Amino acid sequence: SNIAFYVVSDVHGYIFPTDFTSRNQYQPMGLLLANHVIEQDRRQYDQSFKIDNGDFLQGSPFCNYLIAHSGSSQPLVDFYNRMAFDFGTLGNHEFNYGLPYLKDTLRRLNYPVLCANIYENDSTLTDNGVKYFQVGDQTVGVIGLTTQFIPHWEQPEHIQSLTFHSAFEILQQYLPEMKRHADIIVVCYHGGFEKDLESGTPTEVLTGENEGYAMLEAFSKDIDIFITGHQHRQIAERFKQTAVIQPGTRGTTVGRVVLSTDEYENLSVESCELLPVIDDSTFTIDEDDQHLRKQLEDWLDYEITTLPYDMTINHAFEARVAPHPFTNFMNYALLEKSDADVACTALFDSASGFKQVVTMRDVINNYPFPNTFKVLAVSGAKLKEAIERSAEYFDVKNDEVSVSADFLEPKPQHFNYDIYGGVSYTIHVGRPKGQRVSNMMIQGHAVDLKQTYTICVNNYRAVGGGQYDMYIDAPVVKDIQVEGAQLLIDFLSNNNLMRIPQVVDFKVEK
């Protein structure tokens, strides 16, 4: 006899088969299609379970649409609810819209969300962290865990009553009890691997954000299935006898782990793989769902303004190695809103800049996170530390400036590179990290390392996101409670002539 476990992770509100780059876009992705793949495939097994492993409440323009309309997650919850999932876990982005929004979401879902390591006051935020069920005369035990690193990213007001414990420590403490109750153990961790599974070599700085390797290294023999996410990587292999899965993101793949009995009726791992999400001739989207997609596209097509010139980004890297009218524009909007000496923003992966006609679609693609902003008081020396962190983004390949391996592997982190406004500088990539920034000037004057300056950063950066630890606890001069997309919309609506001064002025070379 057998049992199959299907998992999607980091769906990120990509339900329809589109990434929204254009209205009629259609691509083999999204939860509708990924679920269709599960439904067809699962029928061959004696029984099966369906799991969402986090980062389901935020991510796509559909999520923006929901906040902007009823403020309710119900339309999204309805999709999950129809599909008859068995359980899920919490990802960090589940907190992006506040704790009440999350709590309301959990009570609207028709299956439990398991999180054993996030406490609210003196108990788990979620009703439970562990679930047990029978497979024949055996018992399966499931424990849900979430990356402890949330304080380094989220709005303080969204997590103020919460306590985040190490996933490794909570697992370590629960194992003994789980093994007393169950024969098969399944860990669903919304987090990834900090070391390469085969070599054990660190693949990122060991901050505790990701504890998957330490968990396997210490407890593999007692774990049958190790479900992971967060890093958006595609993994399906064995760690000793443990089946290890990471099913990417946006429903382009589905993780499937099959367990089957041997003589003695003992369940063992039969297979562990990623199933490709593909279109087929039986897949259909019902009328109501297509009506919702249309409303969504209609909203995305809403015209914000018409600019007198183009600010498109042809090649992302070009808009990172040197000033670009669009980065100049973003920084200028932040300087004008905040009145700080300096501002900064990352160029996000979907940021293609603006054409002359700007729609809601374009604004969201250029600022896809619900970040607010903060003006921080920092010494000129702390400012330099922040520019040196960004300068780590570059490396030299051949005799050309390129992107550092550190920011591409195991997966891309371009969003951790910032472009600054109000301060001019020179980055020398051939010099050691931490001493690459030269010629710093703020308004005709050299940056005095001992003087106090102000910088507008997003809330993610304010709590240290992307290893910008120098901003933590910097005095808050201004708390700007306007999210990025709206801040750009406001600026666009108030400055018709769009005469933008040059606030981004920097150079990158060896």
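One rule holds for the numbers: they count along the sequence shown, beginning at 1.
Across the two stretches, 369-377 and 166-174, the PDB entry reports the greater mean Cα temperature factor for 166-174.
Once the C-alpha B-factors are averaged per stretch, 445-453 and 47-55 rank with 445-453 first. Looking at 251, 276, 229, 71, the one whose CA carries the top B-factor in the deposited record is 71. Between the residues 363, 342, 427, 182, the entry's highest C-alpha temperature factor is the one at 182. Looking at the C-alpha B-factors along this chain, the one for residue 389 belongs to the lowest third.
Compared with the other modelled residues of the chain, the Cα B-factor recorded for residue 308 ranks in the highest third. For residue 298, the recorded CA B-factor ranks within the middle third of the chain. Only modelled residues enter the ranking.
Annotation for residue 212: CA B-factor lies in the middle third of the chain's modelled residues. For residue 79, the recorded CA B-factor ranks within the lowest third of the chain. Only modelled residues enter the ranking.
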